Amino acid sequence: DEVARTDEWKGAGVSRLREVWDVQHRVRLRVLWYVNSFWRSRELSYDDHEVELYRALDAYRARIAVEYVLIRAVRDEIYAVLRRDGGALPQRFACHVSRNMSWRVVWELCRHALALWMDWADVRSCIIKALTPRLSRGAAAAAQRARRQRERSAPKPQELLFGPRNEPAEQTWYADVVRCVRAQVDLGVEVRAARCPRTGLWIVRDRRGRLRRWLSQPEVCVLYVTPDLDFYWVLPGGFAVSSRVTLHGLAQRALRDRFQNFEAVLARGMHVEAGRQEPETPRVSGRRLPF
Amino acid sequence: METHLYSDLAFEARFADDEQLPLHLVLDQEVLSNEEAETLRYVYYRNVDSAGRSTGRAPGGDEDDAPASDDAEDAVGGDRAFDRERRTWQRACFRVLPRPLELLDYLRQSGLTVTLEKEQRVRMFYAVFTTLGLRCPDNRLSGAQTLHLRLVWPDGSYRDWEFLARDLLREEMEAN
Amino acid sequence: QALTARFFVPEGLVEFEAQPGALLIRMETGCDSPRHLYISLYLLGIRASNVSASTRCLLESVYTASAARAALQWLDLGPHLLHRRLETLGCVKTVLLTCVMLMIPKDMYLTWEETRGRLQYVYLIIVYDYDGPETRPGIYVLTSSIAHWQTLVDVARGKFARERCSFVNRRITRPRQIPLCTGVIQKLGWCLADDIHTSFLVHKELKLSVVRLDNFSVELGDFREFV
Amino acid sequence: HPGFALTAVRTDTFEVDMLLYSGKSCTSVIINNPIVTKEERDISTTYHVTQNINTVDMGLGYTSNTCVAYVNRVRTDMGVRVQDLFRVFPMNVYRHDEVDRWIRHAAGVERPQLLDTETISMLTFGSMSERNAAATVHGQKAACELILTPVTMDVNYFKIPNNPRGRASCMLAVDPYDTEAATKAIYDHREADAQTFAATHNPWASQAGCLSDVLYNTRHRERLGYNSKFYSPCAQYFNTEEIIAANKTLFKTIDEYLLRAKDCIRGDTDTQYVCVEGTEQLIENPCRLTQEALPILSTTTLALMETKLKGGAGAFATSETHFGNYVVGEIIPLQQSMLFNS
Amino acid sequence: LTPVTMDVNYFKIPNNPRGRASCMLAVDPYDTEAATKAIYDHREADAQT
Amino acid sequence: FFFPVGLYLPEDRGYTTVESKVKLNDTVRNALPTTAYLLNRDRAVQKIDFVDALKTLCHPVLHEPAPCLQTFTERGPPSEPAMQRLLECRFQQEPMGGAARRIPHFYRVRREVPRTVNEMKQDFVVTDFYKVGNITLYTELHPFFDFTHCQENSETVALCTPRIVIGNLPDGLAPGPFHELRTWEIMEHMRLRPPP
Amino acid sequence: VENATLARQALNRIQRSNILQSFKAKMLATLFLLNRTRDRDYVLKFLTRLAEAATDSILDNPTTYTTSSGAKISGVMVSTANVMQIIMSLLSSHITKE
Amino acid sequence: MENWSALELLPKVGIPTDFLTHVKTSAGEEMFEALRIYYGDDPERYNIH
Amino acid sequence: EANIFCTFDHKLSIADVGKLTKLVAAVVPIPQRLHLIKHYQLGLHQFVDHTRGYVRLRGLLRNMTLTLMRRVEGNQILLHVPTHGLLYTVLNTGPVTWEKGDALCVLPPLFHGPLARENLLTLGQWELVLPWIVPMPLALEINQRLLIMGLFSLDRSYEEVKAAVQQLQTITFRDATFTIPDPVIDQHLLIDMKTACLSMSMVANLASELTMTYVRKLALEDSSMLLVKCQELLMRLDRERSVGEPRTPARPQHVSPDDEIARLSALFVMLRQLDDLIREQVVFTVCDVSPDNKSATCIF
Amino acid sequence: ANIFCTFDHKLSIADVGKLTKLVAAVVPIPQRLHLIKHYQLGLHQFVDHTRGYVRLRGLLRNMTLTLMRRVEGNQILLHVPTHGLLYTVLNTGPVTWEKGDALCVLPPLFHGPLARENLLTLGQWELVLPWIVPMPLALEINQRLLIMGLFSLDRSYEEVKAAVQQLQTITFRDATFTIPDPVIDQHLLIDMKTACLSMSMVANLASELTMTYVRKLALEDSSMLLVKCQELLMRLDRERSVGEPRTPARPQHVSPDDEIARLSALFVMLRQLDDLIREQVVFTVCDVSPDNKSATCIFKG
């Protein structure tokens, strides 16, 4: 009568149990070493040469460094475009101004604000949450759809008389808010954006619908980034450094595996039909019975 | 505990295919929140060579090393990069014990023979059990490989921890 | 309305059997000259492992007879082969007896609800344990408000996970021993929620803890096996 | 003494004889000859005879009134035995298992009992987990409390009949079919509630999101696992959505009051179990229409109860106060009347 | 008698001098076990006080 | 029927109408309300305490602010825009070792701090705390958990926290001399009412 | 007699509880009412409550035990001579020799 | 939705009315159902289909 | 006991009793099997919930009791539970044809496609939804199709399962097209997949060694059209298993008649255990069908 | 509920006398008409050379059965049974009965016997009656003929001939039969062929699909049962691939249209077996006549 593997696996037990760490020393978790694993019987060999670990460290350095050098690319993009225009930035955002007010101090506050933003960048920032939906498949599909959509010819009166009708209302931007008097920056700002009917300037609002009012505060500064990866940098008064974010100096696969929006597999609790109303999550309870 | 037996059996089953040795892990309050643990959907893992960036892509480099050209239409390599990234991740078995316990005592409540060199009484508030598999390419394994770990929740967010495989095998592999 | 069945029963099984609430079951014996015997379910009690050893001692001390001896032999031949031999006939009306086509022991009776459902079907459940020496056949009689057969099998799997893993352990450990099924569901009828009375029983100057079922309508069910 | 005061509340039943008055020929009744339906059993046959009845009200206003006039037996016990909250939430346990075991050993309840599926609750109608006690001499009982502040000024709030939540929730005052103004009347604390001219009397009971809003709102009880078969005295007060749905015009309010606002309780068991399809009885509830509870005789010291009971008739209507001790008096002499007719 | 028990509500009212209720009318008919655990089981309170 | 147990009367408005009828001992076991007495179906006294009340008072659901926090975020922020000057509250992660030296750099600026909600609750005296003149009544939801709104990443997010001890209860919900009477109660329980 | 409680009906715990409550209340309240009071109409309504509390007989011959002037006897009550003299001096307007 | 043309057109038996409250209060607070409270004189009763 | 009286809190007009009087001999579900019942638990309206699970409605409906609608008379319904065995008549509104010979099952109704959403009874918010009466092959077909939907779709992104179920949800049965509304996964559906996997593992285990190679033998012997399709399927499964050549079989050593009897009887037991997931027991056996396919006489 | 069944053909009074001995026995009719021609009575409309037994079982599964009641001068009074009611059925089956047996109805195996149905026939019509066999004998004889069908392909060797010679001879209480071999002229009948090929291919697709599907469900919450399922399949793989070439390279990636076709094919090929998997009981006996010529049986179904 052959002993089933669960019995002598149960009576085998564990040799040893120890903790390990991540690279950045943020996570401690414990490994388990059963004596009855076939890894014990596989007698596999092991070696750790120093240039191999050095290559591992350089690869990990690049994998960390991707978003930080993207931030540096954004910063010297700002520097190049302020050197480009000569330093006289125009207004893109709808808010009134006062002539009898010294703009030298808000210019100095803008310099200090971009400095403090460079000190306090993050892997979770405005531009990362901006370009994370760009990595999706539907981003490419809707890019093709918009490139055929806006670049569509003027219609003849025949489809005006008999053809079916045609339909881009407001934008979903992200923002960094750097507050110099309290030395606190902001990384994740979700903001709705629109255009005024009377003038082409922008109007920003809360995702609930509340008007965003920080532009009146002179000590603060803001950075806006769009879903099509444009770039604004607004000091108070609505005047905006305007450019695009450069990423050609970064590899495709490093940005693609370092962070990417995730498409889900089907598990318990979700519909087989796509886009149906989701029921309640499984939510295993430490408060109720397991049942 | 129950995924450990099944994952050991399954990695023994598929060992001819991928040559991945199993790795049973437990995690506690020191890594994730209880709210993150009570509704954690699943966990992903990917073994990355010190020089090879994946095991799902081609071994001798890949065509995704050409840089992203800031293009509107295909953003980053199109969807081919996306389902290559869906191929480069793998799912692991997974259980959550939300009520607190002590794995010495708790593994004594289950029928195992807890045979440790010293009884360091370690206590945790919620024990999540999983088992990954790190890929020795041939029978030989390198210490400079790293192993990544995604934790995915039903909202779609994820947490990313990685660590190089020598740190798991400092005193374990030199013991053999 | 009642379907009559008259029976010639020998005197080697009339212990614990003069009461009306008795169920005779035609089991195929190993001996071929009667070809079958009308055993009582209380004799299925003493063989069972789920019952108490005190009631087993009572059943030993009340059934020192050669008929119950040989019946225990012929049911002790086939390991778990009882469902291929056991075949019911209905409850005794009055004892040489008459039968229709209700008392029950306290230990083998069980429920998985709070027995507050008004209509309650009754079922017989055998289970085959294999973590014993060869086979522990546990008999069970179950009253429950559920009516559909398959969800009863699903809640039985939810309640008998030990029997299922013991079954597959027997399958993976003994390859030359091929077991058929973990057990059998079969209904017998239904009662209301009120007639279930946990009471006493005295028979052959012997004591017993019984549960009586008064308004038991009888309906014969098939031996629907289940894993 | 811990840092709060518990305000308990209970629904106590009374068997009463109410009289009724009608004018001459208020309702014309339309009857027919009885019809027999035959059924055949094995030995007998059952004939179900049936007479139809139509009733036509021949009145514009109310041609018939009624009045509860006499009480003769009190079916409850007027007791202070606390509602077993573990029997109504049989699934919620503490996270650490040993402190939960120590808590159950510290209390009287013993085990977390598993609830049923949808199929078992579909077939079997009731749970009734708590069983009938040995001696039921006093009768059925209930008492459930609210953890409120010890600052709560009693003289405004406990001597007169009030809503026990801290805010007046009688929908006669609010305009009918106005759910927004009703929610602003019972939940908003930028305005004063109409009974007492303050924002509230207890923030742990009034506004949505308190302990009472998550404990006794049966809409909010659906979020966690609860037993519906027990009765809550607080259920007629913190059931916000049914109160908003009750906001109609006053004639329709009277209609739903004398048609649907009558509770049903099983009278056999000592625990107040919520009856269902109860045509055997119906417990009419004026306190639901008032959305207000009744002050009962309570005291602080045994000596002050002694000088209340020793004193003459009419003492229970008074309400005196010592330095730190106090007596609230019942507003109607129900103890006086119910003991004096005996 | 224990010298601690309350007189103010136990001795003013007509009660059983034994301490528990024991009236045997609040019990079910022909239920001897419920009767004796009403009498002598101090794990449950009497129906009187 | 409904009735209070443990309800605390004030001391500044202390009075007694019945002093010829009754007189009690000066010990606070009779001068602090902790139990109550009711009447049965028959006219007989009965005692209600916390000891019978622990069958309810120790349930887990009384310590679950997660549905309370859920419906608080469904209530969300206060709607009136001029009443948003109270919610300013920062929970960020800072290097402690450099800041332990660098605390003069915090006072280098010349801008004041906004007052938190819990500081905005302590100033109310005992009787007007229930009036509409209070503003932070919408924060007070549970005796065991403080609730507030804080600006994290320029988002007004609700946050609850357990009041760890009973001293974290606000002054309008438990005044100062109430705690001193609690101390006299605990000294009389320990039999130290003449202190050394 | 205050509630329809014939022996064929079953009782629950609430029933017997309120029955025992009224048992104790009316055992204490009226033990020696001839020493509680000497009120005329109070013992009159007490004696009526005592009289109608008894149920009827099965067979009753209506010809038998009728008085003069067509009045019919419902029952018969009896005390000793002391209580009888007290009632005779007390309720004499409702007593008739016939 | 009742035929109010059938009420206004058909001959009607007269009564001494008695509403308890005022009749417009009873209409505005729905003691009954389907309350046709047209003011003036609506000639919509005239056309017959 | 048998005749079950229901009521209505609301009055019925002439239109309501008119559309009720064409519902005679329609089967309605009752959850309680009690006498003095109420109309809100009548039907499936208290149990219907979109985005909750079709399999939940299926399990509760096969757990529910069934009764027949006869003789309304104004605020009365007179439900009568059909006795087991005796011939009754039925009247279905489910747009599916019937047959004088087949059997029936009772399923939660699907949307046909015209999307009428009016089953000729509505009281305020409350509506009446009738369970579809479906002939037996369509019933086991929709059962097995939702089982394949639950079994296949685990650990897959939405596009591949969408491409599967746009052609899997559609069923054309006797010139009528049906689609399943709510295929969402369930814990109960997970225990069905559990019983499914254990049963197919057991029939993988104790099957005979000759039956594991029998289709190879019939492939080498005979070529038929269904045999060509079977060889296509089996060789594609073999090349998905192994790129090597599948060897020819020789004389089988372990030939034993009692061995085949025992292992194939246990195999038949396990196939019964697997089929009872999808094989629903019957509810109606047709004696006659009306020519307009509205009513029928069924023996149960 | 009575049926009339007339004969177009001339019948003798001696034909009535040899007909009236089958006084209370089951006949199948395909569907219930009130008056039916006798050419639909009995299985003679279905039995032929090239259909086989399993066709007769499958069309008997839905053929409505009817007891015979009376014989008249030209017509036959049939009586359809009802559920739960007792009736009298004569044992024309080849196996004796005992009290408490469970009876099923299966098609006869002695087609054109030495009895020739005791010579009850007509011009191009022999009246054929289905056997009423007890349920355990019914299920085991179904299994016996099926494993006869498996060995019908490999009839080259002689030990398989001795094994099927054991298979023909059946054993029962005073009953022995020589079961007819479904293979004739060195070829199988088509129904046994498709039944056995479908059964074997269900076993094959199970053995090659259970690993990936227990993995697909075992990525969810796990139990001991799926662990031992995987261990059992590991036992099968470790006793199975001892001679097969190593590295077969089964992939974890497989296109969806393969596996949905695999699952639906497995389900339809098991779906066409449930005529022979389930043995739908039709009768049980409450009293047996002496010499077992008849029995008072209660109808099921």
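As written, the chain order gives the labels A, B, C, D, E, F, G, H, I and J, with residue 1 at the start of each chain.
In this section, a residue touches a chain if its C-beta (ideal position, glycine included) is under 8 Å from a C-beta of that chain, and two chains touch if they have at least 3 such contacts.
Fewest steps needed to get from chain B to chain H, stepping only to touching chains, is 2. Interface comparison, D-H versus C-I: the pair with the greater number of contacting C-beta pairs is C-I. With each centre defined as the average position of its C-alpha atoms, the distance from chain A to chain F rounds to 42 Å. Between the Cα centres of chain A and chain I there is a gap of 47 Å. Chain F has its Cα centroid 29 Å from the Cα centroid of chain D.
One simple way to say how far apart two chains are is to compare their mean CA positions; for chain H and chain J this gives 77 Å. Multi-chain contact residues of chain D (touching two or more other chains) are listed as 74, 77, 92-95, 119, 123, 125, 136-139, 302. For chain C, residues that reach two or more other chains under the stated contact definition are 118, 146-147, 151, 164, 168-169, 171-172. Multi-chain contact residues of chain J, defined as those touching 2 or more other chains: 219-220, 223-229, 231-232, 235, 249-251. Within the complex, the chain G residues that touch chain F are 21, 24-25. Of all the residues in chain A, the ones that touch chain B in their complex are 5-6, 9-18, 20-23, 26-34, 36-39, 42, 44-49, 52-53, 55-56, 59-60, 134-137, 139-140, 143-144, 147, 228-229, 244, 246-257, 259-265, 267, 269, 281-286. Looking at the complex, you find that chain J touches chain A at residues 220, 224, 227-228, 231.
Of all residues in chain C, those touching chain D in their complex are 1, 113-114, 116-118, 145-147, 151. Every residue of chain A that touches chain I in the complex is listed here, in rising order: 263-274, 276-279.
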